[PDB]
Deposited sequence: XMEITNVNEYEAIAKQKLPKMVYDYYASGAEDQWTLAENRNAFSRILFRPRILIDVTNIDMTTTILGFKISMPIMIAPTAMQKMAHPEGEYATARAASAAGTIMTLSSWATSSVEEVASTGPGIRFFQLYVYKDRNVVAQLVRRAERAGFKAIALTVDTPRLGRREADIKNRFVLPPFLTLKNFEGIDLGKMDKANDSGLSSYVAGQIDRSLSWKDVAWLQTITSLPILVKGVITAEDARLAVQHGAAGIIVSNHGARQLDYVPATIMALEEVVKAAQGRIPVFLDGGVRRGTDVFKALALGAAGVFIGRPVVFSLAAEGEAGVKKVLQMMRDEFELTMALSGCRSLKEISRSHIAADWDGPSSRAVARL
């Protein structure tokens, strides 16, 4: 009896993590309708597989912003990984490098850019918020650039934090020996401070502002309507991440897989569109690409596997998804990502 699927790592995390920690990571907003729907919506898309195609050699490699990677599955920024495992972000960085894929570090990481860069080479993105204290935004950016990060993933769906009721009932707090390391050694305990820096005044001009302090590509994260996707194209974003923040912000927003297509269309092929939210199977990954995503990101499975198995756990999550994705490409008759078409899928709404 073995661990055969990703979703199984969640069950194990849950039996061993303290309730407050598990809930923190697992929880969605309020009644968690979108949490559930993020997963459920993938079951409303079916396959239209082609048979008798030579599928000896499958090429999953892709190029993301000029960076060539091993597969179109990247890691989404989550937060305080050291609550899940001692090595926390170090383990996640070593597994992402090992897999030939990209990691997106959280500005709320319990590891700083430099300590993450000290694990070894590997393409890494840094997630950020346009904080109130703009001098602070510039030091994080500089520090990110220095440590060798290749792009900035700007969260644009959080003017304010959504209500995740378990945290309130669990009276959630960051454990004793941990710190938000990117906020230490710069010119400003920290949890509260960082929570207060979230600027609820941001507008499109603030994204323009960010482009004057950095030369790195900017990916607006949290776009789910065609209206905002076009504005992101306009204000010169390097790509859009169709996300609902793992369903932790506003409830009742659509499943990202359902909003995907509308956003992909609005972008008009100008920039790469990615997705995250509920991706757990190689089949999920295929559907997203057939719909138009240039790649997908995974969040919760990483923290869950980390908690269960340390670095071996994240290594395993990544191996399982590329294996399952390669078999799905084989069985659908696709020899490259370029071969995946809209016709290989049939959506409930078609």
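- When the deposited sequence is numbered from 1, the segments without any C-alpha atom are 1, 190-198, 361-370.
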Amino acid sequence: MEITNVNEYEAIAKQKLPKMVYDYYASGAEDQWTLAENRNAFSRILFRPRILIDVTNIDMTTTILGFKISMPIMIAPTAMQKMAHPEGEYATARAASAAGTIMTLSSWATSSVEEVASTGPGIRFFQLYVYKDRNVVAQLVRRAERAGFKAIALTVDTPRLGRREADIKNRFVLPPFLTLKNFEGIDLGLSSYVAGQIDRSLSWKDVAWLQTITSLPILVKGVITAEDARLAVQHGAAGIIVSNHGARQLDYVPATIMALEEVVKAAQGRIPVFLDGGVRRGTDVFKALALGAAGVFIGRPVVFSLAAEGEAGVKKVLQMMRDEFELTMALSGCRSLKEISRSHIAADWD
From here on, numbers count along this sequence of modelled residues.
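- Just going by the entry, 243-251 versus 122-130 on mean CA temperature factor gives the higher value to 122-130.
- Stretch comparison (73-81 versus 110-118) by mean CA B-factor in the PDB entry places 110-118 on top.
- Set against one another, the Cα B-factors of 95, 153, 273, 195 in the record reach their highest point at 195.
- Highest CA B-factor among 140, 91, 174, 237, as stated in the entry: 174.
- When the modelled residues of the chain are ordered by C-alpha B-factor, residue 331 sits in the lowest third.
- Ranked by C-alpha B-factor against the other modelled residues of its chain, residue 218 falls in the middle third.
- Among all modelled residues in its chain, residue 280 ranks in the lowest third by Cα B-factor.
- Compared with the other modelled residues of the chain, the Cα B-factor recorded for residue 63 ranks in the highest third.
- In this PDB entry, residue 191 carries a Cα temperature factor that places it within the highest third of its chain's modelled residues.
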